[PDB]
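Trainee: Please see the structure below; I have some questions.
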């Protein structure tokens with residue numbers, strides 16, 4: 026059965042071959058495809074990409090910062143408007172795991188003063204069946220070179236944390252994109268990364284029994300068997 | 026190049042083979058898979074499914090009703143809170172086609188009194204490149220037997236209408252799902268539908284030049300070459 030990372034690499038390859046030139050809001054060039062999806066199993070493994078070294082310390086540390094609600135993304139997750160979207164997701168999983176509305180949303184803070192009721196930007200929908208927690212992240216745009224590998228890890232990590240406190244096993248992480256794009260300057264680096272064969276994904280271990288989302292600390296987590304290709308600067 | 030309808034049929038086949046039993050909020054049984062996506066070209070054809078007759082008159086007539094903002135889904139599109160989400164999408168396409176925030180959202184009206192800031196339920200994100208308009212619909216759940224074939228047509232139709240008034244050509248419709256499910260009682264009908272070979276999709280023609288979204292009427296639209304298999308009652 027194929028390595029999950031082959032989806033990301035096939036997606037990079039598709040945008041290079043078929044993506045269209047499209048500028049971003051600074052007028053910086055990208056190659057763009059609209060509408061992408063990939064699924065990474067979280068069962069006995071953790072989708073920290075291996076065709077380049079992903080900055081796991083920054084993934085974990087930033088997620089713990091967001092969860093703290095400190096300032134921005136974490137403020138919205140915990141003080142929406157506030158509504159604690161994150162605790163509500165946890166409480167809903169616990170009171171009605173069948174629920175089709177287990178959804179948390181985030182806004183780009185630059186959008187907030189720009190117009191009335193701006194669209195969100197990213198949503199996470201959680202799903203429970205057979206004691207497994209899955210998560211689907213929809214982002215309205217994804218920087219395939221820099222942001223996407225880091226976000227696969229962050230939201231996979233979030234799903235592990237929530238599965239842990241709700242007593243569920245991690246299931247799948249599904250990453251859905253609107254404008255999936257590669258910045259022009261990342262094209263040569265990505266072409267080299269596409270030459271690299273994925274290695275088996277590592278595992279993530281939680282070293283302690285933790286009861287509340289806010290009680291996790293960086294030392295509670297341990298990545299085992301992470302043996303990536305070298306760092307690619309983008 | 027494969028018939029777009031093969032995605033839907035492959036998805037039905039996947040849920041029957043691999044879907045898990047999961048109840049809905051009435052306690053009615055389904056087979057469920059979390060996270061699905063399909064892409065239907067809108068270029069010189071229209072994705073009105075052919076392995077069963079889709080109720081096109083009801084698709085068009087209901088969409089025109091939603092667009093009227095009459096009461134519910136249309137009220138939210140046009141009087142959000157209001158904010159006219161639909162006109163804002165049109166105006167944004169016209170003033171900044173590169174924008175990554177061309178998003179309109181809809182809520183299940185039963186959710187509105189149930190809690191503070193309920194999650195949406197469905198979002199449509201629009202995308203423009205090379206004078207083509209694409210649309211991605213994300214629904215938190217999709218009834219694969221009844222709702223999905225009807226919604227592929229409705230949102231494909233909406234994309235045609237918006238492409239028409241903004242002077243763009245229709246591109247792709249991308250349908251993304253959270254809980255994609257088949258109701259237990261639709262399983263035998265769907266198995267029979269899976270035996271049927273798709274025919275070439277019809278075309279949709281707009282018979283008049285229309286300038287404002289509100290000026291369309293049912294007679295402005297004409298489906299040509301629709302030659303589906305017989306009706307399946309679900």
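Chains as they are written, first to last, in the authors' numbering: chain X, 26 to 96, 134 to 143, 157 to 309; chain X', 26 to 96, 134 to 143, 157 to 309. A prime marks a further copy of an entry chain.
Where a beta carbon is used, it is the ideal one built from N, C-alpha and C, also for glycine.
1. Are the stretch 43-51 of chain X and the stretch 223-242 of chain X touching, with three or more C-beta to C-beta distances below 8 Å?
2. Roughly how many angstroms lie between the CA atoms of residue 199(X) and residue 230(X), to the nearest whole one?
3. Going along chain X', which residues have a C-beta under 9 Å from residue 225(X)?
4. How many whole angstroms separate the CB atoms of residue 177(X') and residue 201(X'), which I take to be in contact at a CB cut-off of 8 Å?
5. Provide the residue span of the beta strand (DSSP E) that contains residue 299(X), from first to last.
6. Out of 175(X), 166(X), 183(X), 196(X), state which residue places its alpha-carbon closest to the alpha-carbon of residue 179(X').
7. Can you look up residue 195(X) in the DSSP assignment and give me helix, strand or coil?
8. Assuming residue 61(X) contacts residue 220(X) under a Cβ cut-off of 8 Å, what Cβ separation, rounded to an integer in Å, is found between them?
9. Do residue 268(X) and residue 77(X) have their C-beta atoms within less than 8 Å of each other?
10. What first and last residue would you give for the alpha helix (DSSP H) that runs through residue 137(X')?
11. May I ask you to list, following chain order, the residues of the stretch 249-268 of chain X' that have a beta carbon less than 8 Å from some beta carbon of chain X?
12. Residue 90(X) and residue 83(X) - do their beta-carbons sit closer together than 8 Å?
13. Can you give me, in chain order, the residues of the stretch 200-211 of chain X that have a beta carbon less than 7 Å from any beta carbon in chain X'?
14. Among 217(X), 188(X), 284(X), 190(X), whose alpha-carbon lies nearest the alpha-carbon of residue 55(X)?
15. Take the Cβ of residue 209(X) as the centre, count every other Cβ of all protein chains shown within 10 Å, and call the residue buried at 16 or more, exposed below.
16. By the three-class DSSP mapping on this structure, what secondary structure does residue 270(X') have?
17. With respect to the beta strand (DSSP E) encompassing residue 58(X'), which residues constitute its N-terminal and C-terminal limits?
18. To the nearest angstrom, how far is the alpha carbon of residue 138(X') from that of residue 158(X')?
19. Run through chain X' and tell me which residues come within less than 8 Å of residue 48(X), C-beta to C-beta.
20. Let me check one thing: in DSSP terms, what residues is residue 207(X) bridge-paired to?
21. Buried or exposed: where does residue 223(X) fall if 16 or more other Cβ atoms within 10 Å of its Cβ makes it buried?
22. Since residue 278(X') and residue 71(X') are thought to touch, with beta carbons under 8 Å apart, how far apart are those beta carbons, to the nearest angstrom?
23. Closer than 9 Å, Cβ to Cβ, to anything on chain X: give me those residues from the stretch 264-297 of chain X', in chain order.
24. Under 9 Å between beta-carbons, which chain X' residues line up against residue 233(X)? List them in chain order, please.
25. Identify the residues that DSSP records as bridge partners of residue 292(X'): which are they?
26. Flag residue 134(X') as yes if its beta-carbon sits less than 8 Å from any beta-carbon of chain X, otherwise no.
27. Taking the Cβ atom as the reference point for each residue, do residue 68(X') and residue 245(X') lie within a distance shorter than 8 Å?
28. I need the straight-line Cα distance from residue 251(X') to residue 26(X'), nearest angstrom please.
29. Distance cutoff 8 Å, beta carbons only. Does residue 185(X) sit that close to anything in chain X'?
30. Mind listing the chain X' neighbours of residue 247(X)? Cutoff is C-beta to C-beta under 8 Å, in chain order.
31. How many Å lie between residue 166(X') and residue 64(X) at the Cα?
32. Pick out whichever of 215(X'), 274(X'), 276(X'), 287(X') has its Cα sitting closest to the Cα of residue 174(X).
33. Excluding the 5 residues preceding and the 5 following residue 275(X) in the sequence, name in chain order all residues of the same chain whose CB lies nearer than 6 Å to its CB.
34. Under the assumption that residue 40(X') contacts residue 288(X') (Cβ atoms under 8 Å), give the Cβ distance between them as a whole number of angstroms.
35. Buried or exposed, going by whether 16 or more other CB atoms sit within 10 Å of the CB of residue 297(X)?
36. So residue 178(X) contacts chain X'; which residues on that side make the cut at Cβ distance below 8 Å?
Mentor: Result, derived from the coordinates:
1. no
2. 9 Å
3. What residue 225(X) touches in chain X': nothing, since even the nearest Cβ is about 18 Å away.
4. 4 Å
5. 296-299
6. 196(X)
7. coil
8. The pair is not a contact, with the Cβ atoms about 14 Å apart (cut-off 8 Å).
9. yes
10. 135-141
11. 249, 251, 253, 254
12. no
13. 200, 202, 204, 205, 209, 211
14. 217(X)
15. buried
16. coil
17. 54-66
18. 8 Å
19. 173
20. 204(X), 244(X)
21. buried
22. 6 Å
23. none
24. In chain order: nothing, as chain X' lies at least about 16 Å away.
25. Per DSSP, none; premise fails for residue 292(X').
26. no
27. yes
28. 22 Å
29. no
30. 59, 60
31. 35 Å
32. 215(X')
33. none
34. At roughly 35 Å, the Cβ-Cβ gap does not stay under 8 Å, so residue 40(X') and residue 288(X') are not in contact.
35. exposed
36. 194, 195, 215
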